[PDB]
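Worksheet for the structure shown next.
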Amino acid sequence: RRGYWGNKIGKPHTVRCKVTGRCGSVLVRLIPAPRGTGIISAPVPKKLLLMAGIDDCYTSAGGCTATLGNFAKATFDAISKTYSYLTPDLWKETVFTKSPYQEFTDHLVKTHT
RNA sequence: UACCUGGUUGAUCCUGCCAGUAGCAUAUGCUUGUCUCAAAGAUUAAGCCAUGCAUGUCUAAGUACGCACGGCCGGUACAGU
């Protein structure tokens, strides 16, 4: 989930909110950034964030980032939390639409599992 | 540009320092066409010093008998310089 800096002009360029993600003494602090600053990070998370389409970000690390297996999994952990972070936009209540499992069950009553 | 990478082990995750990285100002090595700007015996010995120079000054208007120059003849405030 991508978001904006402090104002709108369409097409989100950065992270919605300031989030973290930890994997066994490594953590990352993805901080939002204004347009055109580029991704300011180490080489390892610069891969992931660039592929994500998050084109602007400030970061900072803490702990042993030498063992990169932790470092990248902790980045990926942070990138997950974006839709698991509650924002005032999402406060309006969902309509609880029926599941595809329910509606399309008619074709699956043959022998299908 | 709010950034990290290598090194303790058979292998893994930490703690931790060492090394790598960029700027700045002094010395030094090697090299060097053209253009502008210019810091420069402070670091150490506020150690010691040859020679040369670096503070003098007169307007119509303080004092002109320089045997100076000049004079158009002088002085009688008395010339001009």
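By order in the structure tokens, chains are A, B, ...; within a chain, residues start at 1; ligands start at 1, following the order shown.
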
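Residue-level contacts from chain A to chain B at 7 Å, counting only C-alpha atoms (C1' of nucleotides), read residues 40, 41, 42, 58 and 59 of chain A.
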
Handout entry: Residue neighbourhood residue A:57, 8 Å, only C-alpha atoms (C1' of nucleotides), exclusion window fewer than 3 positions, as a list in words
Key = residues 14, 15, 30, 31, 32, 33, 37, 38, 39, 40, 41 and 54 of chain A

Selection file, N, CA and C atoms, as an mmCIF file, in the first residue's frame:
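The result, stored in again_28.cif:
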data_model
loop_
_atom_site.group_PDB
_atom_site.id
_atom_site.type_symbol
_atom_site.label_atom_id
_atom_site.label_comp_id
_atom_site.auth_asym_id
_atom_site.auth_seq_id
_atom_site.Cartn_x
_atom_site.Cartn_y
_atom_site.Cartn_z
ATOM 1 N N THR A 14 5.223 6.746 -2.377
ATOM 2 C CA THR A 14 5.958 6.605 -1.141
ATOM 3 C C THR A 14 5.085 5.768 -0.245
ATOM 4 N N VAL A 15 5.450 5.625 1.052
ATOM 5 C CA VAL A 15 4.817 4.721 1.981
ATOM 6 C C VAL A 15 3.787 5.552 2.690
ATOM 7 N N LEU A 30 11.093 2.248 7.897
ATOM 8 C CA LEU A 30 10.655 2.912 6.686
ATOM 9 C C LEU A 30 9.935 4.200 7.030
ATOM 10 N N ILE A 31 10.455 5.362 6.567
ATOM 11 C CA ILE A 31 9.926 6.671 6.890
ATOM 12 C C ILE A 31 9.469 7.250 5.563
ATOM 13 N N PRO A 32 8.312 7.916 5.429
ATOM 14 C CA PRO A 32 7.872 8.553 4.189
ATOM 15 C C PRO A 32 8.792 9.667 3.742
ATOM 16 N N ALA A 33 8.744 10.058 2.450
ATOM 17 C CA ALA A 33 9.692 10.993 1.902
ATOM 18 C C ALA A 33 8.994 11.746 0.796
ATOM 19 N N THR A 37 13.260 12.260 -4.249
ATOM 20 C CA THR A 37 14.412 12.087 -3.385
ATOM 21 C C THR A 37 15.112 10.784 -3.681
ATOM 22 N N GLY A 38 14.408 9.841 -4.355
ATOM 23 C CA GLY A 38 14.880 8.500 -4.591
ATOM 24 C C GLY A 38 14.838 7.680 -3.335
ATOM 25 N N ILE A 39 15.234 6.396 -3.455
ATOM 26 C CA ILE A 39 15.249 5.463 -2.357
ATOM 27 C C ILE A 39 16.605 5.621 -1.732
ATOM 28 N N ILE A 40 16.629 5.977 -0.429
ATOM 29 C CA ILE A 40 17.840 6.266 0.294
ATOM 30 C C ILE A 40 17.865 5.145 1.281
ATOM 31 N N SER A 41 18.675 4.110 0.960
ATOM 32 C CA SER A 41 18.760 2.902 1.735
ATOM 33 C C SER A 41 20.062 2.249 1.382
ATOM 34 N N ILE A 54 7.802 1.686 -4.670
ATOM 35 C CA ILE A 54 7.938 2.667 -3.627
ATOM 36 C C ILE A 54 9.211 3.364 -4.008
#

Practice task
Using only C-alpha atoms (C1' of nucleotides), determine which residues lie at most 10 Å from residue A:70, disregarding the query and same-chain residues fewer than 2 positions distant; provide the list as a ChimeraX atom specification.
Solution key: /A:22-27,64-68,72-76 /B:13

Exercise for the section: Using backbone DSSP assignments, extract all alpha helix (DSSP H) residues from stretch 9-95 of chain A; output them as a PyMOL selection string. Expected result: chain A and resi 43-52+68-80

Residue subset to file, keeping C-alpha atoms, as a CSV table (one decimal), in the first residue's frame:
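What landed in selection.csv:
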chain,number,residue,atom,x,y,z
A,43,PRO,CA,21.9,-2.0,-1.3
A,44,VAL,CA,19.8,-4.9,0.1
A,45,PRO,CA,16.4,-3.2,0.7
A,46,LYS,CA,16.9,-0.9,-2.3
A,47,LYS,CA,16.1,-4.0,-4.5
A,48,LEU,CA,12.8,-4.8,-2.8
A,49,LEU,CA,11.5,-1.3,-2.4
A,50,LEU,CA,12.3,-0.4,-6.0
A,51,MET,CA,10.4,-3.5,-7.3
A,52,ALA,CA,7.5,-2.6,-5.0
A,68,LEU,CA,21.5,-10.3,5.2
A,69,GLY,CA,19.0,-13.1,5.5
A,70,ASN,CA,17.6,-11.3,8.6
A,71,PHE,CA,18.0,-7.9,6.9
A,72,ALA,CA,15.8,-8.7,3.9
A,73,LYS,CA,13.2,-10.7,5.8
A,74,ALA,CA,12.9,-7.7,8.2
A,75,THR,CA,12.4,-5.4,5.2
A,76,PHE,CA,9.8,-7.7,3.7
A,77,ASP,CA,8.2,-7.8,7.2
A,78,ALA,CA,7.9,-4.0,7.1
A,79,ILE,CA,6.5,-4.0,3.6
A,80,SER,CA,3.7,-6.4,4.7

Check chain A with DSSP on the backbone and list each residue it calls strand (DSSP E or B), as an mmCIF file with C-alpha atoms, in the first residue's frame.
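Result written to part_23.cif:
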data_model
loop_
_atom_site.group_PDB
_atom_site.id
_atom_site.type_symbol
_atom_site.label_atom_id
_atom_site.label_comp_id
_atom_site.auth_asym_id
_atom_site.auth_seq_id
_atom_site.Cartn_x
_atom_site.Cartn_y
_atom_site.Cartn_z
ATOM 1 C CA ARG A 2 1.455 3.254 -1.237
ATOM 2 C CA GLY A 3 0.499 6.741 -0.132
ATOM 3 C CA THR A 14 5.958 6.605 -1.141
ATOM 4 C CA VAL A 15 4.817 4.721 1.981
ATOM 5 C CA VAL A 19 6.278 1.513 9.965
ATOM 6 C CA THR A 20 8.908 -0.961 11.112
ATOM 7 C CA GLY A 21 9.580 -4.684 10.779
ATOM 8 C CA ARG A 22 11.889 -6.892 12.815
ATOM 9 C CA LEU A 27 14.868 -3.862 12.191
ATOM 10 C CA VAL A 28 14.138 -1.222 9.606
ATOM 11 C CA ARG A 29 12.288 2.064 10.025
ATOM 12 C CA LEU A 30 10.655 2.912 6.686
ATOM 13 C CA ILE A 31 9.926 6.671 6.890
ATOM 14 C CA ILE A 39 15.249 5.463 -2.357
ATOM 15 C CA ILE A 40 17.840 6.266 0.294
ATOM 16 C CA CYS A 57 11.708 6.489 1.159
ATOM 17 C CA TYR A 58 14.012 7.277 4.069
ATOM 18 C CA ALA A 61 18.729 0.152 10.278
ATOM 19 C CA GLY A 62 19.595 -1.143 13.718
#

Practice task
Work out how far atom CA of residue A:113 is from atom CA of residue A:98, in Å to one decimal.
Solution key: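 Atom-to-atom, atom CA of residue A:98 and atom CA of residue A:113 are spaced 19.8 Å apart.
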